[PDB]
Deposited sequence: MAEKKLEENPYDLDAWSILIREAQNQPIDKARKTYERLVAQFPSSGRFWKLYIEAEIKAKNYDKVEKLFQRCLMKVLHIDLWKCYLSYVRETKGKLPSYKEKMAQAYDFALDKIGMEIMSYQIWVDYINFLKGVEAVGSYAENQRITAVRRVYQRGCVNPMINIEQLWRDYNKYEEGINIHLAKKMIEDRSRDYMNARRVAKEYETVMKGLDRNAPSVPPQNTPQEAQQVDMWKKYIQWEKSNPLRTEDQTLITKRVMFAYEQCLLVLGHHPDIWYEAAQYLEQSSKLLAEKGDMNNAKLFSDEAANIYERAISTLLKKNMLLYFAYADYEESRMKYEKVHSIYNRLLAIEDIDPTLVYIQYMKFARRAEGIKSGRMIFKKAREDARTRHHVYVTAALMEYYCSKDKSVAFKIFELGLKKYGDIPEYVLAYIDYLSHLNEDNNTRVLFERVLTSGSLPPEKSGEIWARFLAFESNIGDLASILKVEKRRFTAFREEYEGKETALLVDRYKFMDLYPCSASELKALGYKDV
């Protein structure tokens, strides 16, 4: 059963191709059910959205089609999905009296979001042909057509794409077509830019040939790391500024467009979402310097949107991008939003909130003061999910920021109470009291933790260790032998015969041992 394969790997493309194979061996009423399941899984697959669209569109359900477009067209910059949308309009609206008006809008809307795609050539032509076609009676009318066609040609013949030449060719023949005289100069006047573009077109032509562009986006688990390689090159290529131009926004645009394409296939890579939002923040302030303020707060505002998208589409449970988000808004001093970001993450049913609380509570203190911080800490403690780590984080925070060894001891104690059976927690507590340097008290906590029986001896080895390390700094030989012999009695079982391998720890310091690697091996030594 294909579903079974899916029970295992949800992204089993094999299973999906089967569901999709029979997706057609059935009416749009039963298929629709399977398609939703697909797009719901591969939201960024313009290819899948299309199977679904073409299927409904096959069934004459023009109403459901428009719905599907409003659901993906903006969100997915797939060259085909868009040429598809242009067709759906070319048909659907062809007989409306407002067609011309509406048709041009779509062409504009299209070239504006996807025209930069390397395989967009046709849209440009379809637009120009559409335009030449428009009926014009008189002269102010025809000449208005020229202004219109002239515009798409001029805009195209500077846009790096596969047939960038067949566009420049026909442009020439168009001017020459309305005036052989003035044409010469009309053309000569924009050739230096076209060359500059016809070139980048070729550079671009390469970087893309290796790339996939239709592969379903799948979480990382041979070729992906290979294709990953190719994408970043393309992204870098665009960052180096192929079109040797002083226009920064035209670089960011093209670099951002690349990040876009890439994310369609590698959208399950936090690093790329981040790296893309990093470039935006950068491009941003690099404009605040050269005086361009409006064109700047734009990228600044948008860079924040790269975060929203990422943690709202393909990576909803990803702490990395959340924190990276929270941080970004915190830098922009939007302390209000930062709160919302941390709380949306906490909002999610299943995650291990612990780190988030730790990250949230750290932002809080650091940005809204000691009480603000204690707010979060309080919520942290009231979340059944929160693990011991936060009481440690919090407690140290007092000590390290306030310099208060009271709230600290209390927070630890308040913790040792509820988490006193977590070796890592007890150690966290000990390690702290032990740097205060007060011998007796430390010795006290040691004896408690090892005698308070709330910590199962089987899981106390590290402690007994830390103890001897303590009885080794201060303290003396008899005190060491004492704790030592007790440590053995508690693990009499798994420590019988390993006395020597155990003795090794009585003397080693840092990378120094009183034995050779080979001697340690045969001893049965195990370094923690």
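Undergrad: If you line up the deposited sequence with the model, which stretches have no C-alpha coordinates?
TA: Going by the record, the one segment left unmodelled (no C-alpha atoms) falls at 222-223.
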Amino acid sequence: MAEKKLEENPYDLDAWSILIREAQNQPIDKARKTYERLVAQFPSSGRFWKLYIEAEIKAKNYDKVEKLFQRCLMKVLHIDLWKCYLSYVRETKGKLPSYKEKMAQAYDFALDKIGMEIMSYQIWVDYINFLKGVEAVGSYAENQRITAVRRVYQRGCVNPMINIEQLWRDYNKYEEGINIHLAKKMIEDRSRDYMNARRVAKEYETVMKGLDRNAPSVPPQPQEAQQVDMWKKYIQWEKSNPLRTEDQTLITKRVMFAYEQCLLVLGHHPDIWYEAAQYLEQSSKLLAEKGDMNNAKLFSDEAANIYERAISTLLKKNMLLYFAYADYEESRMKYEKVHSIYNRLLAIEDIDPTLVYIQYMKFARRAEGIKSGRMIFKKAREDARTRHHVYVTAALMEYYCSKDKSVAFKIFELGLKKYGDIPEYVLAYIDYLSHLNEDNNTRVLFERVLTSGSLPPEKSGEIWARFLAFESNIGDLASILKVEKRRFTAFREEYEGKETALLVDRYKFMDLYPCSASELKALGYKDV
From here on, numbers count along this sequence of modelled residues.
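Undergrad: Between 470-478 and 50-58, point out the one with the higher average CA B-factor as the PDB entry records it.
TA: It is 470-478.
Undergrad: Look up the CA B-factors in the entry and say which stretch, 136-144 or 248-256, has the higher mean.
TA: The stretch with the larger average C-alpha B-factor is 136-144.
Undergrad: Taking the Cα B-factors listed in the entry, which of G94, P222, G115, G267 comes out highest?
TA: Highest C-alpha B-factor among the listed residues goes to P222.
Undergrad: Going by the deposited entry, which of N295, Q122, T354, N159 has the highest CA temperature factor?
TA: Top of the list by C-alpha B-factor: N295.
Undergrad: How does the C-alpha B factor of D14 compare with the rest of the chain: lowest, middle or highest third?
TA: Top third by C-alpha B-factor.
Undergrad: Rank-wise, by C-alpha B-factor, drop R155 into the lowest, middle or highest third of its chain.
TA: It belongs to the lowest third of the chain when residues are ordered by C-alpha B-factor.
Undergrad: Which third, lowest, middle or highest, does the CA B-factor of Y204 fall in along this chain?
TA: It falls in the top third of the chain.
Undergrad: By the record's CA B-factor, is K75 among the lowest, middle or highest third of residues in the chain?
TA: As the PDB entry reports it, the C-alpha B-factor of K75 lands in the lowest third of its chain.
Undergrad: So where's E496 on the chain's Cα temperature factor ranking, which third?
TA: It falls in the top third of the chain.
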